[PDB]
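Chemist: Here it is, the structure, as structure tokens.
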Amino acid sequence: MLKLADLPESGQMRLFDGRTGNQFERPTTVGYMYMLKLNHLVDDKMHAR
DNA sequence: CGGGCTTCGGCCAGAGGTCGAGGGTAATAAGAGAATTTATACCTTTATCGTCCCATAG
């Protein structure tokens, strides 16, 4: 599927830094992961007396 | 052969992390009427304490 979508078959490629703008020496893993948000908001946890 | 004497088995007590966070649920039916006490309400009587006139001591 990856090689069909013109993406690296290993699923990894070298990213560019966001501040210095220099490529990382080794390639990292990037992809779209289904992230959740749980009902543990800090808005309901912050108390102070 | 009864008797101290050790040991064992059944029975009960106590103790089991902390700190959050949220939610919910928490408990009813004799009337009559007689009687006794108590808080209330008005009123009078005595003392009390605020109040000022007056003689006097310096």
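Ordering of the structure tokens sets the chain letters (A, B, ...), residue numbers begin anew at 1 in every chain, and ligands are numbered from 1 in the order given.
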Please return, as JSON, numbers by chain, all residues of chain A lying within 12 Å of chain B when only C-alpha atoms (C1' of nucleotides) are considered.
Modeler: {"A": [39, 40, 41, 42, 44, 45, 46, 47]}
Chemist: For region 25-34 of chain A, list every protein, DNA or RNA residue within 9 Å, evaluated using only C-alpha atoms (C1' of nucleotides), and leave out those in the same chain fewer than 3 positions away; present the list as a list in words.
Modeler: residues 11, 12, 13, 14, 15 and 22 of chain A
Chemist: Based on DSSP run over this structure's backbone, return all residues of chain A in strand (DSSP E or B), as number ranges by chain.
Modeler: A: 12-13, 16, 23, 28-29
Chemist: Output N, CA and C atoms for every residue in the selection just made, as a PDB file, in the first residue's frame.
Modeler:
ATOM      1  N   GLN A  12       9.195   5.560   6.624  1.00  0.00           N
ATOM      2  CA  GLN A  12      10.009   6.556   7.297  1.00  0.00           C
ATOM      3  C   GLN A  12      10.713   7.422   6.263  1.00  0.00           C
ATOM      4  N   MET A  13      10.883   8.697   6.598  1.00  0.00           N
ATOM      5  CA  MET A  13      11.741   9.564   5.804  1.00  0.00           C
ATOM      6  C   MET A  13      12.289  10.647   6.715  1.00  0.00           C
ATOM      7  N   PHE A  16      12.621  17.591   8.487  1.00  0.00           N
ATOM      8  CA  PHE A  16      13.391  18.820   8.609  1.00  0.00           C
ATOM      9  C   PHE A  16      13.031  19.486   9.925  1.00  0.00           C
ATOM     10  N   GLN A  23      18.037  18.985   8.254  1.00  0.00           N
ATOM     11  CA  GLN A  23      17.505  17.631   8.232  1.00  0.00           C
ATOM     12  C   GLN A  23      18.105  16.790   9.351  1.00  0.00           C
ATOM     13  N   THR A  28      12.907   9.450  10.715  1.00  0.00           N
ATOM     14  CA  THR A  28      11.936   9.196  11.766  1.00  0.00           C
ATOM     15  C   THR A  28      10.631   8.681  11.166  1.00  0.00           C
ATOM     16  N   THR A  29       9.725   8.262  12.044  1.00  0.00           N
ATOM     17  CA  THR A  29       8.444   7.691  11.649  1.00  0.00           C
ATOM     18  C   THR A  29       7.372   8.763  11.752  1.00  0.00           C
TER      19      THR A  29
END
